[PDB]
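In what follows, one protein chain appears twice in different forms, each by itself as structure tokens: structure 1 and structure 2.
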Structure 1
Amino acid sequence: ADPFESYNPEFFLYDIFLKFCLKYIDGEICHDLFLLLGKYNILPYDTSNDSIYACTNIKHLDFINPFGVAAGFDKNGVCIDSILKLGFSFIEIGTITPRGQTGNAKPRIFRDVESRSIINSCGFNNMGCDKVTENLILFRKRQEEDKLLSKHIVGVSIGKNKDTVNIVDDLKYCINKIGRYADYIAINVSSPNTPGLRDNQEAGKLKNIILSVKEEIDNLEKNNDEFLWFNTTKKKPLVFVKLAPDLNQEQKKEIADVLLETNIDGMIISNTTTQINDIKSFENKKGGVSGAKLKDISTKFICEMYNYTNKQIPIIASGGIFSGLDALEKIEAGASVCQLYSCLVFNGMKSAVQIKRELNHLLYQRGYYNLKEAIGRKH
């Protein structure tokens, strides 16, 4: 790769520019710059063939590798192709809302490189469900003819507009608009930047929310020369819920009962935390903290929810995953698949290539024939 050197995610120039943007350019602008490269398909891409021993699954959802991009990175779904070709097996676009939303005031993203941490208070900035659907549709039809993308998974994370009273109405609008094109739906009741939306994790309220979302998905069949499931699975999307790590033991057991009763297909553990207060540069800043100081939080949350749901609900891990050994901790804690965010910010384009390679060697060194043999083995 002499001419192709510019498209290798590990090409040394990419971290020179990464270290520059981390040091000089506002975080949200660096994010927008990244999406601009993706939008015109001049992001580097991963040529590795993924190890068949490291694929994983949540029911009929078949991931070619265990790493995807967490929600909030391509909120509007404007360069799905490009980000996936970095080496990821799925992406969760969103969170989207019915009507487009400005978000909270700027700046709303701040970083601490020494500790590999992010704080943010974006407040569900997104273009709206109508526009994001059109973006996803255009990816789906490019997928119609592209063999390298035909097995990649796309989830959609849905939430409420800031000035909306009952969240069920807003989730319903999004499922009827975008549900037919998603391989799974993420219900976002975790976020800390929308006033009083983490109160929807009370067992009573969360139960009604899940049942509504399921009801609306099953009603899309008996509600209309067109393929109903315009996605990868070709089945109705699975329903996940993304949980906030700031709950006590009792709330966790109550939520576990609901996710068993309602027959949810998975849980995303976890969103950002408000409980970190030992980052000096985040002194006067507001919002939820992600990244390396979240890993131990998120992982112990995985073990409890794996235990409280009797290993019945598959887990998507999120929180402080940078290395292959970070990933193995999540998997051994109960997670079937992992989600990177702060790893892209601080490690850059190479994040999928590096972590897949590291985890492959780790699984062999620990004696696991494949990845599914490792799930929940620390228990």
Structure 2
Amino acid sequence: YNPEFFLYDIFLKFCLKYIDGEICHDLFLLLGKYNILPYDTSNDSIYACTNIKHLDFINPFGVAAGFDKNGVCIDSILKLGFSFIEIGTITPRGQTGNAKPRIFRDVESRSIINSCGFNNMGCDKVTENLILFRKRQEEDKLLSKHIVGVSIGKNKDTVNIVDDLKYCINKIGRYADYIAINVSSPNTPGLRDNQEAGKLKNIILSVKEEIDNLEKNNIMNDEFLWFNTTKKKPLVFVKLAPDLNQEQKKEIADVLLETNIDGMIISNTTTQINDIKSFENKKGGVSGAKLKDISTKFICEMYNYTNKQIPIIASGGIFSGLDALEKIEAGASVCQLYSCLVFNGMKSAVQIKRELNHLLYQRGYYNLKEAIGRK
């Protein structure tokens, strides 16, 4: 509604029409880096707060992983009106990823296909970006209480998947509110097989353990140990790909229950969309509108399978207050956006927060927490 947002969104639409996606993506990241994007300075509704365990979100919308892989634009992105962002996915060593162009959008179906292949500057460089973010944060009143999770993964050619995760934890864990374990990218060969249950249980317990050791091995009080938002050790979530068996899902559910994981991100992109014409050429995982139903059903299933015991972070095809309410009613406690920013632009968090609040009122819910899981 504001003019700053209005002008940027025209520009963004122009870019969407004329300019390659990855290039546009990076241009807006660079404009955020230089602090020339608009801010949402509005108080968020106390009735749409949410939490995962003791991690509290001032509103229920965050930016999904893969958006700001390297943490170069964290302040500007949160300042668009998001309560949190998941940076990464990061790996121990930097990787260039797959040959470009490797991201395409289909404006008509509001859908995206990418085969990025975990391109990122590497754990050490991103840790230094996140540290500078944490320092800015102590000085920047609009960043107070905003959450930064870190998605962490394996280098493509890795000796020890678990070892890669430990290396990332050891480096960046002190600066993270939460850690997301990503064994779900379509785009690194294998990796996805790391969703095998015995393997996954060991992954999850190795990660909680490396985090536990961060707490142990240093002498400072928590307030100085955790240079993050919570002042507590990061929670542990796992991100799940939606292309799985019911049996696979049930198995994963039991490993999540067995290991007392703090949450699950449902879901990553799908390789099962066949009917987007412009994508016929293409290899990779599809995001956006055409993922929404698959992702929502998957939320229902895992909530059920896990007996409502594991909080869900929703991802996939969320554009509108209605889409968000569906995620929440299926069982999600919090939502992440990606595609919506691409097609709808900079106003997305402002607009969707407003839409969800009105909806919550119309359906006669007292607050958002009351709606979670109401089938």
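Only residues modelled in both forms are compared. Residues are numbered by position in structure 1's sequence, first residue being 1. By rigid core we mean the largest C-alpha set that fits within 1.5 Å across both forms.
- Determine, with the core as the superposition reference, the one member of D199, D257, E215, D146 that shifts its CA by 2 Å or more between structure 1 and structure 2. Comparing the C-alpha positions, the one residue that moves 2 Å or more is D146.
- Query: Cα of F12 displaced 2 Å or more between structure 1 and structure 2, core superposed?
  - Reply: Comparing forms between structure 1 and structure 2, the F12 CA shifts at least 2 Å.
- Query: Supposing the core is put in the same place in both forms, how far has the CA of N166 shifted between structure 1 and structure 2, in Å?
  - Reply: Displacement of the C-alpha, rigid core superposed: 2.2 Å.
- Name, in sequence order, the runs of three or more consecutive residues whose C-alphas all shift 2 Å or more between structure 1 and structure 2, counting only residues present in both forms and superposing on the rigid core. Shifted segments: 7 to 15, 145 to 148.
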